[PDB]
Amino acid sequence: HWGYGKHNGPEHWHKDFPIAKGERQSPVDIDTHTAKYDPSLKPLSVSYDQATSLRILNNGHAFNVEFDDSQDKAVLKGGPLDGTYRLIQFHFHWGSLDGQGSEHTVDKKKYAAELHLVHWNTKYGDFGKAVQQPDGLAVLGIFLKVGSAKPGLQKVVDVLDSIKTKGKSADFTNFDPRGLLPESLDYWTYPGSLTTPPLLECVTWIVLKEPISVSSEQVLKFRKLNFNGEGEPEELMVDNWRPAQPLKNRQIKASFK
Ligand SMILES: NS(=O)(=O)c1ccc(O)c(NC(=O)NCCc2ccccn2)c1
Ligand SMILES: [Zn+2]
């Protein structure tokens, strides 16, 4: 099964998922100088006031905080998007060291981690149908750098001991994802893919310019999770990031100058 180890990591994924060598794969390096400012890009609309988190799950490749997406409770609109996209889950990718961990890079710079808030286009009715469409998902990507703590992340950090191993889930209600957002919603955007198998080319990527800062203790607790299931040999869940993929025939647009 695919993973991030020596024999099943990202360079192996194309054998099971040939779209890995596709024309709109993610993540990518964001060359800030080559990104073009687009004045027709609208500001992003993040409407998270009514979000209903339900639980948190270790799926063996990251942990997902899952939301009730059966109504327009937490939605993303505006920006490059047409229509309304509902938040279904968020998760992170992170490194074994503070110097790596993000999937997107900015002028080749790697951040300590990257948060992905995953949304699906309501015109397709549910997530499973949306991922089959070229405009099915909008993923809001937010970089994490190590510095001061992010208070809004602590409730996530504190529950991770209850989902250490693959397959464990925990009730995780009343979590407000607004506590994970930076001050500015300036963004880059490009058409891309899921960054884990099945690598489907269904994502409008919206990557925020401004990182959030989290503490060293906060990211250290991510690194205590396990890829393995309980009662299997312990392999720390670290470096669960795919490296940058060829931009090919794509242009990254910026909402700011
Ligand atoms: N890392 S990412 O590009 O934000 C992202 C977002 C939503 C996703 O469903 C995935 N991929 C993922 O979760 N793979 C395991 C479950 C899955 C997801 C989609 C279709 C089939 N199976 C990646
Ligand atoms: Zn992701």
# chains A, B, ... in the order shown; residues from 1 in each chain; ligands from 1
call {"tool": "residues_around", "arguments": {"residues": "stretch 74-91 of chain A", "least_positions_apart": "6", "cutoff": "7 Å", "atoms": "only C-alpha atoms", "output": "number ranges by chain"}}
result
A: 41-51, 62-68, 115-122, 138
call {"tool": "closest_atom_pairs", "arguments": {"of": "chain A", "to": "ligand 1", "cutoff": "7 Å", "atoms": "only C-alpha atoms and all ligand atoms", "output": "JSON lines"}}
result
{"residue": "A:116", "atom": "CA", "partner": "ligand 1", "partner_atom_place_in_ligand_line": "4 (O)", "distance": 4.9}
{"residue": "A:117", "atom": "CA", "partner": "ligand 1", "partner_atom_place_in_ligand_line": "4 (O)", "distance": 6.8}
{"residue": "A:118", "atom": "CA", "partner": "ligand 1", "partner_atom_place_in_ligand_line": "6 (C)", "distance": 5.6}
{"residue": "A:128", "atom": "CA", "partner": "ligand 1", "partner_atom_place_in_ligand_line": "20 (C)", "distance": 6.8}
{"residue": "A:131", "atom": "CA", "partner": "ligand 1", "partner_atom_place_in_ligand_line": "20 (C)", "distance": 6.6}
{"residue": "A:139", "atom": "CA", "partner": "ligand 1", "partner_atom_place_in_ligand_line": "4 (O)", "distance": 5.7}
{"residue": "A:193", "atom": "CA", "partner": "ligand 1", "partner_atom_place_in_ligand_line": "3 (O)", "distance": 6.0}
{"residue": "A:194", "atom": "CA", "partner": "ligand 1", "partner_atom_place_in_ligand_line": "3 (O)", "distance": 3.2}
{"residue": "A:195", "atom": "CA", "partner": "ligand 1", "partner_atom_place_in_ligand_line": "3 (O)", "distance": 4.0}
{"residue": "A:196", "atom": "CA", "partner": "ligand 1", "partner_atom_place_in_ligand_line": "11 (N)", "distance": 4.8}
{"residue": "A:197", "atom": "CA", "partner": "ligand 1", "partner_atom_place_in_ligand_line": "14 (N)", "distance": 5.2}
{"residue": "A:198", "atom": "CA", "partner": "ligand 1", "partner_atom_place_in_ligand_line": "20 (C)", "distance": 5.8}
{"residue": "A:199", "atom": "CA", "partner": "ligand 1", "partner_atom_place_in_ligand_line": "11 (N)", "distance": 6.8}
call {"tool": "residues_around", "arguments": {"residues": "residue A:210", "least_positions_apart": "5", "cutoff": "9 Å", "atoms": "only C-alpha atoms", "output": "MDAnalysis selection string"}}
result
chainID A and resid 142:143 182:187
call {"tool": "atom_distance", "arguments": {"atom1": "atom CA of residue A:177", "atom2": "atom CA of residue A:70"}}
result
17.4 Å
call {"tool": "residues_around", "arguments": {"residues": "stretch 9-12 of chain A", "least_positions_apart": "5", "cutoff": "9 Å", "atoms": "only C-alpha atoms", "output": "PyMOL selection string"}}
result
chain A and resi 2-4+20+196+241-243
call {"tool": "select_by_dssp", "arguments": {"residues": "stretch 28-252 of chain A", "states": "alpha helix (DSSP H)", "output": "list in words"}}
result
residues 127, 128, 129, 130, 154, 155, 156, 157, 158, 159, 216, 217, 218, 219, 220, 221 and 222 of chain A
call {"tool": "closest_residue", "arguments": {"among": "A:153, A:254, A:28, A:160", "to": "residue A:103", "atoms": "only C-alpha atoms"}}
result
A:28
call {"tool": "closest_residue", "arguments": {"among": "A:93, A:224, A:14, A:110", "to": "ligand 2", "atoms": "only C-alpha atoms and all ligand atoms"}}
result
A:93
call {"tool": "residues_around", "arguments": {"residues": "stretch 144-148 of chain A", "least_positions_apart": "3", "cutoff": "8 Å", "atoms": "only C-alpha atoms", "output": "list in words"}}
result
residues 98, 102, 111, 112, 113, 114, 115, 211, 212, 213, 214, 215, 216 and 219 of chain A
call {"tool": "atom_distance", "arguments": {"atom1": "atom CA of residue A:23", "atom2": "atom CA of residue A:137"}}
result
17.0 Å
call {"tool": "closest_atom_pairs", "arguments": {"of": "stretch 20-130 of chain A", "to": "stretch 232-239 of chain A", "cutoff": "9 Å", "atoms": "only C-alpha atoms", "output": "tab-separated table"}}
result
residue	atom	partner	partner_atom	distance
A:60	CA	A:237	CA	8.0
A:61	CA	A:237	CA	7.3
A:62	CA	A:237	CA	7.4
A:93	CA	A:239	CA	7.3
A:94	CA	A:239	CA	5.6
A:95	CA	A:239	CA	4.2
A:96	CA	A:238	CA	5.0
A:97	CA	A:239	CA	8.5
A:100	CA	A:239	CA	7.8
A:101	CA	A:239	CA	5.9
A:102	CA	A:239	CA	8.8
call {"tool": "write_last_selection", "arguments": {"atoms": "C-alpha atoms", "output": "JSON list (two decimals), in the first residue's frame"}}
result
[["chain", "number", "residue", "atom", "x", "y", "z"],
["A", 60, "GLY", "CA", -2.56, 6.15, 8.48],
["A", 61, "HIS", "CA", -1.31, 9.05, 6.34],
["A", 62, "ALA", "CA", -2.39, 12.08, 8.38],
["A", 93, "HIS", "CA", 1.32, 17.53, 6.24],
["A", 94, "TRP", "CA", 4.51, 17.95, 8.28],
["A", 95, "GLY", "CA", 8.19, 17.13, 8.55],
["A", 96, "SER", "CA", 10.58, 15.28, 10.80],
["A", 97, "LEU", "CA", 12.42, 18.62, 11.21],
["A", 100, "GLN", "CA", 10.66, 20.67, 5.87],
["A", 101, "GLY", "CA", 7.09, 19.47, 5.91],
["A", 102, "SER", "CA", 5.07, 21.63, 3.57]]
call {"tool": "closest_residue", "arguments": {"among": "A:105, A:240, A:32, A:58", "to": "ligand 2", "atoms": "only C-alpha atoms and all ligand atoms"}}
result
A:240
call {"tool": "residues_around", "arguments": {"residues": "residue A:174", "least_positions_apart": "5", "cutoff": "9 Å", "atoms": "only C-alpha atoms", "output": "VMD selection string"}}
result
chain A and resid 51 to 54
call {"tool": "select_by_dssp", "arguments": {"residues": "stretch 49-246 of chain A", "states": "strand (DSSP E)", "output": "PyMOL selection string"}}
result
chain A and resi 53-58+63-67+75-78+85-94+105-106+113-121+137-146+169-171+187-192+203-208+212-214
